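In the entry's author numbering, the protein residues as written are 191 to 238, 245 to 347, 351 to 381.
No residue lacks a Cβ here, since even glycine has one placed at the ideal position from N, Cα and C.
Just below is one structure, and these are the notes that go with it.
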């Protein structure tokens with residue numbers, strides 16, 4: 191879809207359902223649902245407050261969220277900033293990495309930053325319940341790295360860092376999204 195009020199609506203409805211009734215489900219966002227049911231939920235989420249019905253499986257609701265993200269004209273992190281995000285995740289200093297990424301996040305247009313904020317806040321909660329759902333920060337990075345940054352030469356060796364970027368955003372979401380860079 192697009193980054194319009196419908197998009198934020200879809201994300202919020204999906205985040206809410208996963209948190210209020212699927213936080214303990216194993217393999218959240220790793221386990222794929224039945225494409226048939228996914229597309230059907232999506233079509234209902236596009237247009238005629246409310247909340248997803250219990251009739252919908254969690255695997256279906258998390259898959260809806262991921263496919264919606266892959267349907268955006270461009271990656272949420274933006275083609276225009278991708279290279280910068282990868283370069284920052286490479287810094288040898290564990291702290292220089294957060295600073296650069298922090299600054300890069302605040303340069304994104306409001307809408308990308310906002311959706312990215314809702315997503316990372318939510319994933320941090322998912323990850324904190326890893327003993328039960330098995331989804332650690334690293335495991336979430338693998339699922340969302342290629343979904344938020346759409347990757351052709353020798354750049355194949357930087358794919359791994361796309362995942363590190365998501366990890367950094369999950370682990371430092373409070374600082375990165377709730378404060379302005381130094």
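Item, Value
"Alpha helix (DSSP H) containing residue 302: first to last residue?", "Unbroken run through residue 302: none, as it is neither H nor E."
"In this structure, does DSSP put residue 279 in helix, strand or coil?", "helix"
"Suppose contacts are defined by Cβ-Cβ distances below 8 Å. Is residue 272 in contact with residue 330 by that definition?", "no"
"Could you check what DSSP says for residue 249 in three-state terms: helix, strand or coil?", "coil"
"For residue 351, is the classification buried or exposed, using 16 other Cβ atoms within 10 angstroms of its Cβ as the cut-off for buried?", "exposed"
"May I have the straight-line CA-CA distance separating residue 237 from residue 287, to the nearest angstrom?", "44 Å"
"Classify residue 210 as helix, strand or coil using the three-state DSSP reduction.", "helix"
"Buried or exposed, going by whether 16 or more other CB atoms sit within 10 Å of the CB of residue 228?", "buried"
"At what residue ranges does the segment 311-335 contain a whole run of the alpha helix (DSSP H), taking only runs of 4 or more?", "326-329"
"By Cβ distance below 7 Å, which residues in the same chain neighbour residue 248 in space, the five residues on each side in sequence not counted?", "203, 207, 257"
"In the DSSP assignment, find the alpha helix (DSSP H) that holds residue 361 and state where it starts and stops.", "358-370"
"Where residue 347 and residue 210 are concerned, what is the direct C-alpha to C-alpha distance, given to the nearest angstrom?", "33 Å"
"If contacts are defined as beta-carbon pairs under 8 Å, then residue 267 and residue 191 qualify, I think. What distance do you get, rounded to the angstrom?", "6 Å"
"Below 8 Å on the Cβ atoms is my contact criterion, and I expect residue 304 with residue 340 to pass it. Report the Cβ-Cβ distance as a whole number of Å.", "About 16 Å; that fails the 8 Å criterion."
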